[PDB]
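Here's the structure we're looking at; comments come further down.
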């Protein structure tokens, strides 16, 4: 089997992407944030505290003839941005782009943190990291991809995120028309539960490529590109007026600036992020200070190839017995 679904930016900055997901019988369609940096499929639901729902579409398990409570199971998650959610668990039928999994753990939120409530466009998350990170207790549950894998034509999914435009998540096949050139594959460590890999270096604008190993994770659920402070300083030094602002929380630059591109290495190959992709707009409405899309990871503990980087590529998440990542230009 295969599946194919369009993913759509939630706003004009590409802050996140939502993909329609069918849950239950009859289907309840929720727009989920597919997140290769986490491993829980959780949804706003009829069980979510009413004051914490503000415009999201909810899953109502009592209206699904295929829903079953997973007795005793609870979940609780905290993300790198400080947000969180928790609740209980049902199993139900879940379909993405025509690919159906029966008995998928659907984690129903009883509580969500304010950032989720305040984002009416995201009805939940669909995790695509390794199932070892799944938070369900006392019996850890498998991701949608893990459950689907054996049925797929090939044990892979691909992320093709758009710049200010829709893109595609495919399951079970490589669309060879969706990228240019060849796909360069690179080794993955699953030791932290992430799609963790090592970039071979970087360049700023038309500058020379610096060969240096940068370990990080491919994370569709993170907006920006978080890299070591040395790398980030080298980038923003090429933007007149750019500076790191403790009060704003990162590098800012004059909105009148033209940003240079940023290149990252994948083996001997190179992925070029156009300068425009690094502009995240005014820090507040009407400001002439703009927020940068490349930020320091120094306070995170891990480097994160978030959407800024991933949307410059066609990305293969190869879930074979030894997983690997593939990147192509597009």
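All chain A residue numbers match Swiss-Prot; in order, they span 90-419.
Method on record in the header is X-ray crystallography, 1.2 Å.
Backbone N, Cα and C atoms are what each Cβ position is placed from, and that goes for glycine too.
According to Swiss-Prot, the features are:
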DOMAIN    106-417  domain 'Peptidase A1'
ACT_SITE  124  active site
ACT_SITE  288  active site
DISULFID  344-379  disulfide bond
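Residue 124 (active site) sits 20 Å from residue 288 (active site), taking the C-alpha atoms as the reference points. Note: residue 288 (active site) has non-local neighbours 302, 303, 304, 305, 353, 354, 355, 394, i.e. same-chain residues 6+ apart with C-beta under 8 A of its own C-beta. Sequence-distant contacts (6 or more apart, same chain, Cβ under 8 Å) of residue 379 (disulfide bond) comprise 341, 342, 343, 344, 346, 368, 369, 370, 371, 372. Note on the recorded positions 124, 344: the fewest other CB atoms within 10 A surround the CB of 344.
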